[PDB]
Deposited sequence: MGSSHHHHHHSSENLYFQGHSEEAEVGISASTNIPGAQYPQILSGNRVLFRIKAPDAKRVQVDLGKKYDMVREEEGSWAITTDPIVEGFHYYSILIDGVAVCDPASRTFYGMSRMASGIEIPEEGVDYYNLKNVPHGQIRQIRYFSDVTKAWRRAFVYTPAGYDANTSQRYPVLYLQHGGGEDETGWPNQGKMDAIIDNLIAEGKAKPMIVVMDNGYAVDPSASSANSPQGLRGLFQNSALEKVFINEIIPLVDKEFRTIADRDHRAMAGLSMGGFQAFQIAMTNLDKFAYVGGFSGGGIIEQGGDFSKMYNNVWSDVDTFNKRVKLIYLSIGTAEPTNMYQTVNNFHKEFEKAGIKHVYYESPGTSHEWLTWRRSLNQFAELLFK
């Protein structure tokens, strides 16, 4: 009958509510609509209730974060009751379905780092750009301390606000550091779209010639490959491998979360970076690949086949299959939690 308002609700909005069994109760006032649906997992038709309102209770929804839409007369729009997130190439509603007994991505009373917005003009794209830079707890007070850096990228249809919002990255990293499971580190989150209008080679040039120099001159970093990592989800995973594998002198740790390498002579990929497997293994401290067990087959296969080629070649790596999750943010929160614990050790 009555549940708990989702944590993604706008302040003051009672609905949607999460009921027992993780069913979700949606309501909306729409007296003149012909049809009202909610698309969460599948599409559900709402039914008319009192005072022009419509409502529906869904089937159980899998735990985690989900983009969703309300459909008015078949038009997919943001639910006025929920926060929005930049995903699926627009501002989309999202809903959080809590995991029982899991709290690593939740806020805790531990020392907190700070996410900073840094603006810069790109001479590659000829546009103003923006990075978000997480500094770990104590950064401002520990002026003699220098830190390793993780460059962390969002997926297709997302932007630089993804990891701070959908990814809950500050809680994940703050909590790992506070528990002694990860080293204090700076995390840099930029935009995976870069078009050079004078012509992804453009994104690589932005990272190598603009973002890395910006972070290394504005923050107290340990500016060497043994203290520099790159990872991303989906498209950002393909970009992390493209950029790191063609700039291996700058990175010793690389991660792809539901993304990474499009596979011919696999031994020649990235300009012969791993033509000699034993030498490549000596140069890289970590290669990490993950995928949800419930991802769409085409997305699962691309990443799994990359892993399979690494296994065949003897390229050392960590491979994680996230049980019960799909091409959605819980898979990526779990991946960051695992990956960050392995970094800079």
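Residues 1-24, 224-237, 302-304 of the deposited sequence, counted from 1, carry no C-alpha coordinates in the model.
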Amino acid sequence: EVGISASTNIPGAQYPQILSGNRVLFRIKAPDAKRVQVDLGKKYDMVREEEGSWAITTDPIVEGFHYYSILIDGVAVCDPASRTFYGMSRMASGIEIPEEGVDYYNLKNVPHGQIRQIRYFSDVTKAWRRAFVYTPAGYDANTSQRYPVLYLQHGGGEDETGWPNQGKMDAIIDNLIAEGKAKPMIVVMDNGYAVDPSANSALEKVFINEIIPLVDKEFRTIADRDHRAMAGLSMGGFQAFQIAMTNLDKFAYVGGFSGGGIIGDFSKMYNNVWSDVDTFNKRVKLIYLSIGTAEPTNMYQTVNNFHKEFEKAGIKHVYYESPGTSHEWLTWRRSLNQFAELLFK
From here on, numbers count along this sequence of modelled residues.
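Looking at 14-22 and 327-335 together, the entry lists the larger mean B-factor for 14-22, computed on C-alpha atoms. The stretch 201-209 shows the higher mean C-alpha B-factor when 201-209 is compared against 82-90 in the entry. You'll see in the entry that, of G256, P184, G192, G264, the Cα B factor peaks at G264. Within the listed group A137, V102, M230, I173, the record reports its top CA B-factor for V102.
Sort the modelled residues of the chain by CA B factor and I222 lands in the lowest third. Among the modelled residues of its chain, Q242 has a C-alpha B-factor that falls in the middle third, as given in the PDB entry. Compared with the other modelled residues of the chain, the Cα B-factor recorded for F121 ranks in the middle third.
For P111, the recorded CA temperature factor ranks within the middle third of the chain's modelled residues. Compared with the other modelled residues of the chain, the Cα B-factor recorded for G156 ranks in the lowest third.
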